Amino acid sequence: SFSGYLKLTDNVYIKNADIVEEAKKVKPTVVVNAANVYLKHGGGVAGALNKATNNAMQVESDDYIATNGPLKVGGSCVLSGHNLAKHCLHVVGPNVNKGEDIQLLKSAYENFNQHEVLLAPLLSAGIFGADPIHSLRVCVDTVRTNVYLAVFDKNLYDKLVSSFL
Ligand SMILES: COc1ccc(NC(=O)Nc2cccs2)cn1
């Protein structure tokens, strides 16, 4: 199972790790993707998870979008986890760099509550432009299910742990 995670709360754990490498090792039931509404997995966690699936995630996502249209900011969809997980929960956190509403971050994390356990990144952090300390705070105050957070950046990981209230 998940190893080397620091316990933050009863249900939130954190580790300085590459979510692609964590997913290939654990093969969790659910890996969360930091998706956009179009499921265009270009960069950040999305680009990395998609590249690990040899673009199979993007092919499946384009078929999903062709059928269903775009997701909502704060929304999600469950697709295959390919070689990474049983399922991938594609969750759209607000992208502050695209001028999206930061209040939608709590709605985005609510999607995690539909799954007992998840391997996940911090939503809206990194290239999405939100403050990762705020994202972790919203995560621990919103998610009630077991969430194993993988934070790629070591310095950010240390900052998150040392400032956690
Ligand atoms: C948040 O941005 C990222 C970017 C990259 C990553 N992981 C990777 O790229 N992993 C790779 C495995 C093998 C070859 S490259 C995670 N997070």
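Side chains included, hydrogens not; waters and symmetry mates left out as well; all remaining heavy atoms used. Counting starts at 1 for both ligands and their atoms, following the listed order. The first residue of the sequence shown is numbered 1, and numbering continues consecutively from there.
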By number and element, which atoms of ligand 1 are closer than 4.0 Å to a non-hydrogen atom of [X]?
X	value
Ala48	5 (C), 6 (C), 7 (N), 8 (C), 9 (O), 16 (C)
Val45	1 (C), 2 (O)
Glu21	12 (C)

Checklist entry - Quick one: does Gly44 get within less than 4.0 Å of ligand 1, heavy atoms only? => result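 Per 4.0 Å heavy-atom rule, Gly44 contacts ligand 1.
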Between [atom1] on residue [X] and [atom2] on residue [Y], distance to nearest 0.5 Å:
X	Y	atom1	atom2	answer
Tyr148	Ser1	OH	OG	6.5 Å
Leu79	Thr53	CG	OG1	11.0 Å
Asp10	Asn146	CG	CG	7.5 Å

Next on the checklist: Ring centroids only, cut at 6.0 angstrom: are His115 and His87 within range, meaning strictly under it?
Outcome noted: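 That pair fails the under 6.0 Å test.
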Item to check | Min N/O separation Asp18 to ligand 1 under 3.5 Å | outcome: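 In this structure, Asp18 places an N or O atom under 3.5 Å from an N or O of ligand 1.
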Item to check | Aromatic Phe164 / basic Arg137 pairing, under 6.0 angstrom, 45° off normal | outcome: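 Cation-pi check for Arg137 and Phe164: passes.
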Next on the checklist: Starting from atom 14 (C) of ligand 1, what is the nearest protein heavy atom, named by residue and atom, and what distance separates them?
Outcome noted: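 Of every protein heavy atom, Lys51 NZ, 4.4 Å lies nearest to atom 14 (C) of ligand 1.
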